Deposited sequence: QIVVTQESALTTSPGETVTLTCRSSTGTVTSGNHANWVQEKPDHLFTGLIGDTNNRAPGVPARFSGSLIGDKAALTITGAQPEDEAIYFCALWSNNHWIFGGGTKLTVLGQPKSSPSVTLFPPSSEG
């Protein structure tokens, strides 16, 4: 229905803050869209990061936070670590569907 858009690729350095955004083709993302962020690691390893715009999932590092900034949902990683290199997917609940963005590949410079 709506189209969800994210940056295709971003490069950051270790220790920098990086923000990823997620936009709705309707013009704004609201609290009712319950923006979700998940991380895809190599080997189809998916980890849930953020639900309901700003709720960190079980066991997620505190450096990951979600919020609404302006018209968009955002994932901020305060102090990016090499292990944060991954693909991040945003999804929005819209008209009773979860609709996915295309993913942002994040590159970090350097070496029960």
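Counting from residue 1 of the deposited sequence, the single stretch lacking C-alpha coordinates in this chain is 112 to 126.
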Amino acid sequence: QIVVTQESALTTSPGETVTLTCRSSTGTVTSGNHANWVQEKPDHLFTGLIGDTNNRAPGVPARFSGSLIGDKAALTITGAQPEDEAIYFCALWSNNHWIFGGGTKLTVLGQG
From here on, numbers count along this sequence of modelled residues.
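The mean C-alpha temperature factor is higher for 77 to 85 when 77 to 85 and 26 to 34 are set side by side. Higher average CA B factor: 59 to 67, of the stretches 46 to 54 and 59 to 67.
Ranked by C-alpha B-factor against the other modelled residues of its chain, residue 2 falls in the highest third.
The PDB entry assigns residue 8 a C-alpha temperature factor belonging to the middle third of its chain's modelled residues.
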